[PDB]
Structure formats: structure tokens, C-alpha cells
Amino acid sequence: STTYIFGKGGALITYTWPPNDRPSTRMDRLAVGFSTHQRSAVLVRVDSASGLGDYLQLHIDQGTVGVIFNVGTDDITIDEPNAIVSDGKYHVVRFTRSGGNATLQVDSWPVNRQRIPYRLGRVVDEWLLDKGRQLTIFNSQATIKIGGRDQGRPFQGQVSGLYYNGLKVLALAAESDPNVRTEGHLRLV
């Protein structure tokens, strides 16, 4: 696992697909480990090419993980309101999108009366029961931006082992892949 520390003042890791083979997908799969004391941050954002409305965004609002996405139609929110993640401890998020449906999993190891921190998984599913086929495709994904600096909501804390549709974006940043740029106050562990 590759780990980055996002320090004070923000940082940005950006993966840019080659402009002539940008993926379009029905299903997206995001995994990421992190720790932060922030109650409000953007962690990951995938943007479609300019001129398209499509995006995927992983964030923390009021101390809980949520994902908001748009594949052409409406903004779709899936939140995990029962897991506090802003305690400075390690959490793992797993997000799968399928059309306008999504699964959001948040793993934690809570110490609570003090106890042995066995794992507590919390999964949320979100389905759209709309007769006929809706807009299901995330079109021409252009950038994955990690650290929230371009949303004005900079992440501060650790990020570990990010995985998005096959890409281990942090392993590629650490090895200086030509499609990754790293900026700001960032350090590799």
C-alpha cells in the first residue's frame, strides 16, 4: 500500500487520462483508506471532459462520508450518516456505482466502555426504480483529483491505497507516472 500525507495548506494529486482514450462507464469502483480530523473535506473527484455535466465526488460533510455523483440527469447522493470518520483514525471506504444505483461501504475499528477495536462495517445501498433505462453512463472521464484543493475544500490527513477502476493512483504518483501530477503540501510514506 502507498500512503500520502496531505499537510496543512492543501495538496492535489491529479491523474489525467490521455484526451483520446477517456473511459465512459456504467460501473465505477472506488476504494480508499484514510485518516483525518476534519469534519469537512473533499477527498476524491472524478471529472468528465469539459462540456459534460458528469462527475463523481467522495467527501466528508459534518464528519460522515458521502458520495455525490451525476451521470447526466440529477445529482445522486449516497451518505453513510452512522459512521464518524473525523476522529483521526483509519477508515476504509468502498464505493461501487452502477448506473444511478450505488453501494457505499465504510469500515472502522471503534474503541467503544473501552473495548477491543473489532471492525465495524456499515454498508448503504441506493437504487433507482425508474421504468425503462435512464442515463447510466459516466462519460469521458478526464481527471481524478485527490485532495479536494480544486473544490476549495482541501483534505488534510493521510490517504492510503486509492483504487479507481483498476488504477492505483497513489502507487502511480509515487513512481512518477507521466499521467499523474502532484502539487502542494504532500509527502510520501
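Position 1 is the first residue in the sequence shown; the rest follow in order.
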property: Deposited residues omitted from coordinates between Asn112 and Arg113, as a class; result: 10 or more
property: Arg153 CA temperature factor, ranked by third within the chain; result: highest
property: Position of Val71 among the chain's modelled residues by C-alpha B-factor, lowest, middle or highest third; result: middle
property: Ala41, C-alpha B-factor rank within chain (lowest, middle or highest third); result: lowest
property: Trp127 - Cα temperature factor, lowest/middle/highest third of chain; result: middle
property: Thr136 by Cα B-factor - lowest, middle or highest third of the modelled chain; result: middle
